[PDB]
Every structure is written in C-alpha cells, then in structure tokens.
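Engineer: Input: one structure, supplied below.
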Amino acid sequence: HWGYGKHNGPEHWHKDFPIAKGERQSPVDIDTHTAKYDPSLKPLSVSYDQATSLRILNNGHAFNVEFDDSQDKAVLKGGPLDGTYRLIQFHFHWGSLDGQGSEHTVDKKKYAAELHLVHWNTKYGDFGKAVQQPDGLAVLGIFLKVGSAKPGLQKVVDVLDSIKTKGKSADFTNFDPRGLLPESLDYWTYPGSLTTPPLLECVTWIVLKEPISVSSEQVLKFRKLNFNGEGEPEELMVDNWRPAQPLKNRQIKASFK
Ligand SMILES: Cc1cccc(S)c1
Ligand SMILES: [Zn+2]
C-alpha cells in the first residue's frame, strides 16, 4: 500500500490513484511574484473558541488530532470561501532534516514542516459527502520553521510517546488549536487536492504567509514517531511530504499587497 518510501512513495501513487496526475493536484510551489493580490477576497474568519478535541491517532502516515464536529463549533469562513467549513482534524507533514518537510513551497523554499487544519463544507452534511464535491474542503496550511519553541504545540509533542506506532491512539481532550496560529492571517489561496491518497480534488487551500516557529526539540520529537506498527521493524516517521505538483490551469491569489 502507499507510503513515502522508494517503492511506495509519491512517484508510485498514480497507479492506485490516477487522480495523482489530475488537473488540480496539491501541493504547489507558490511563486510570490506571480500570485496576484485580489482585493475582492473577504477577510478570513477563524473561530476556534469552542473547538473540542477528542483524540490523537497515529495512522501510519502522520498523526491526526481529531475534533468533535457533530455541532457548529470551530469554523472557518470568509477569505475565498462561500459558507462555513467545520474543523474535523489537523495533522502535520515534516522532514528528516530542518531543510525540508513542507508540502507547499514559497519561491521554491521548503520549510521544516507544514500544519494542515482540515475543514468540511457544512452544506454537504458530513465529511464523507463533502469529499465528493469540488468545494467540499477548506484546508488552512501553516508553515513551521525551527527557532523559538511554540508553547501551544507542547501538549501535542508531549503525547507522541503514547502513539509511537501505526494504529495507536490516545485521549486528547481540551487542546486549543488557536495556540498553533501565527499573528497574521495574510494568505495565498488556490483550488487543489488532498496531498495524500486518495488525493481527492476537493480542497480550497488557504496557505498562511507567516510561518510559526517551533523548536529544534519539538520537531525532533515528531521524528521519533514510527510509520510501522508495534512489533515491526522500526521505520522513523520522517519525510511524509509530497513534492510540489504542476500548477496547470490555476492562479494563486494573495489576500495582501
Ligand atoms: C484527510 C486529509 C484532508 C485534507 C488534506 C489532507 S493532506 C488529508
Ligand atoms: Zn496534509
């Protein structure tokens, strides 16, 4: 099955998921000089005050912090979006070395990691029906650079020892995702896809310009997770990023001058 190694990595995924070579795949390189400012973009609204986390799960590809999405809590709206998108989970993609890890790049620059806060369009009723629609998802993408620690991330780092291997989960209540946000909500936006199989083309990407800073110790703890299950040969969970894909017939728009 699919993964990030030599024999099952991104260059292989198209054989089980032909949409890998589709018309709106993600990630992409953001060429800052050609992303035009769009003064019709409305401002972005991130309302996370009532977010209710439940659990953290090592899925053998990344870890997911999962939210109760059964009520109208933790919503993203405004910016490029029509209507309201509900937070369901967040996860990260990261490298084996600080020089690589992000999925989107900015003028070919790779950041050490990238956070994806995944939201579904509430007009479609739940996540499963939303990923059958071209405007079913909105992903807020946030870059991480290594410098000062992010205090808001430490509760995640500290729980990773309890979900080292594929299939492990842990209770993870009362985590506040506002502590993972940078100061500015200036962003780039474009239509794209999940960056992991099944690579579905459902996503309005909203990629923040301002990275957050995490410490070298915080990211080193991500790199101690495992892709394998318990009792299997150890394969460190590193380099779980897909490289940039062809932009094709797409324009990237900037929310800021
Ligand atoms: C499940 C899911 C949703 C959105 C983006 C990614 S990379 C994955
Ligand atoms: Zn992702």
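No Cβ is skipped: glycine too gets one built from the backbone with ideal geometry, and neighbour counts run over all protein chains shown. Please treat every number below as a calculation from the coordinates, not as lab data.
Engineer: If the limit is 24 Å between Cα atoms, which of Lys168/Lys224; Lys129/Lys221; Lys42/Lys150 go over it?
Structural biologist: Result: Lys129/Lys221; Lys42/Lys150 exceed 24 Å.
Engineer: Quick one: Karplus J couplings for the range 13-29, per residue in order, coefficients 6.51, -1.76, 1.60, θ = phi - 60°, nearest Hz, x for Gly and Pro?
Structural biologist: 4, 4, 6, 8, 10, x, 4, 3, 10, x, 8, 9, 7, 10, x, 9, 6
Engineer: Same structure again: Search the structure for amide H atoms under 5 Å from the amide H of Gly22, placed 1.01 Å from N in the peptide plane, and list their residues when 5 or more places away or on another chain.
Structural biologist: For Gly22, whose amide H was placed from the backbone, there are no distant partners under 5 Å.
Engineer: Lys and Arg at +1, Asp and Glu at -1: add these up for the other residues within a Cβ distance under 10 Å of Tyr190 and post the number.
Structural biologist: +3
Engineer: Could you check which residue among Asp98, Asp49, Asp135 shows the biggest mean-square fluctuation in a GNM of the chain with a 10 Å Cα cutoff?
Structural biologist: Greatest mean-square fluctuation among the candidates belongs to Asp49.
Engineer: Which one of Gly136, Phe92, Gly5 is farthest out on the positive end of the charge dipole of the chain, using unit charges on Cβ (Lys, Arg +1; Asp, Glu -1) and the Cα centre as origin?
Structural biologist: Most positive-ward Cα: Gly136.
Engineer: While we're on this one: Would you mind pulling out the separation of the Cα centroids of the range 85-137 and the range 173-206, in Å?
Structural biologist: The distance from the Cα centre of the range 85-137 to that of the range 173-206 comes to 4 Å.
Engineer: Tell me, what HN-Hα J-couplings in whole Hz come from the Karplus equation 6.51 cos²θ - 1.76 cosθ + 1.60 at θ = phi - 60° for each residue of the range 152-164, using x for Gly and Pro?
Structural biologist: Rounded to whole hertz, the list is x, 8, 4, 5, 5, 3, 5, 8, 4, 4, 7, 10, 4.
Engineer: Here's another thing I want to ask about it. Based solely on C-alpha atoms, express the radius of gyration and the Dmax of the range 183-233 in angstrom.
Structural biologist: Taking only Cα atoms of the range 183-233, I get Rg and Dmax of 16.2, 45 Å.
Engineer: What ranking of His61, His12, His7 emerges when the number of other C-beta atoms within 10 Å of each C-beta is taken as an exposure proxy, fewest first?
Structural biologist: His7, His12, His61
Engineer: Of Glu232, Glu103, how do they rank once you tally other Cβ atoms within 10 Å and put the fewest first?
Structural biologist: So the ranking, lowest neighbour count to highest, is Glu232, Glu103.
Engineer: Which of the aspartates and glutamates could a cross-linker bridge to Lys110, judged by Cα under 13 Å and excluding same-chain residues fewer than eight apart?
Structural biologist: Cross-link targets: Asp29, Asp31, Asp98, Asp239.
Engineer: Return a whole-number percent for the relative contact order of the chain, with Cα pairs under 8 Å and 6 or more residues apart as the contact set.
Structural biologist: Contact order relative to length: 26 percent.
Engineer: What spacing in nm lies between the two simple spin-label points modelled at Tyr37 and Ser215, each 7 Å away from Cα in the Cβ direction?
Structural biologist: It is 3.9 nm.
Engineer: Which of the residue pairs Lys145/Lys209; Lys36/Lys257; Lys109/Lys248; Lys77/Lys109 have a Cα-Cα distance greater than 18 Å in the structure shown?
Structural biologist: Over 18 Å Cα-Cα: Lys109/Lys248; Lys77/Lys109.
Engineer: Pull out a ≥ b ≥ c, the square roots of the eigenvalues of the alpha-carbon gyration tensor of the chain, then state rounded if a/c is under 1.5, prolate if not and a/b is larger than b/c, and oblate in the remaining case.
Structural biologist: Rounded.
Engineer: Residues with amide H under 5 Å of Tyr187's amide H, sequence separation 5 or more or different chain, H placed in the peptide plane at 1.01 Å from N; which?
Structural biologist: Placed amide hydrogens put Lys209, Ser255, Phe256 under 5 Å from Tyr187.
Engineer: Which trypsin sites (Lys or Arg not before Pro) from the range 34-143 combine a DSSP loop assignment with at most 15 other Cβ atoms within 10 Å?
Structural biologist: Taking the range 34-143 and a limit of 15 other Cβ atoms within 10 Å, the loop trypsin sites (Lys or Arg not before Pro) found are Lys108.
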